[PDB]
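Reading through the structure tokens given below for one structure.
Don't worry about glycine lacking a Cβ; one is built from the backbone with ideal geometry, like all the others, and counts go over all protein chains shown. Taken together, the values in this text are just the output of simple stated rules run on the coordinates, not laboratory data.
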Amino acid sequence: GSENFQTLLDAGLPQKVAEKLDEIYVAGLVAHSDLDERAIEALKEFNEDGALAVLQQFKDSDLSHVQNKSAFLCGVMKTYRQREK
């Protein structure tokens, strides 16, 4: 992977999540610095398959009409912890 990979691992993430997430910074979408600390924290408040779903669904969105790249991810994250029906 890239520059971001080693930082992401050290930002508390499991390897499985860090692997996918690094590539989001490689492909000219978002910065690795684009997040708020509330995202860095709420990221550890997921399990592996938790976070991996969030990463997929965040990629399976449209980052045309975004600005606040953090708040966008923060939105998807809320949806995933808020799954009671």
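Mind telling me which of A18, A51, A39 comes out most flexible in a GNM of the chain, alpha-carbon contacts under 10 Å?
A39
In terms of modelled amide H atoms, which long-range or inter-chain residues lie less than 5 Å from the amide H of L13?
Here nothing satisfies the definition.
Among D49, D62, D36, determine the one that fluctuates most according to a GNM of the chain built with springs between C-alpha atoms less than 10 Å apart.
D62
For the chain, with the dipole built from +1 on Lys and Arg beta-carbon atoms and -1 on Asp and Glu ones, taken about the Cα centre, which of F72, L21, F5 lies farthest toward the positive end?
Ranked along the dipole, the leading option is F72.
What are the principal axis extents of the Cα atoms in the chain, in Å, biggest first?
Per principal axis, max minus min of the Cα coordinates gives 40, 29, 22 Å.
Would you calculate, for the chain, the mean residue ellipticity at 222 nm contributed by helices, counting each DSSP H stretch of 4 or more residues as -39,500 (n - 2.57) and dividing by all residues, to the nearest 500?
-18500 deg cm²/dmol
What distance in nm separates the two pseudo spin-label positions at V66 and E41, each 7 Å out from Cα along the beta-carbon direction?
It works out to 2.1 nm between the two label points.
Run the numbers on the chain and let me know its relative contact order in percent, using alpha-carbon pairs under 8 Å that are six or more apart.
Normalised by residue count, the contact order of the chain is 30 percent.
Filter the GluC sites (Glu not before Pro) in segment 34-77 to those in DSSP coil with at most 16 other Cβ atoms within 10 Å of their Cβ, and list the result.
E45
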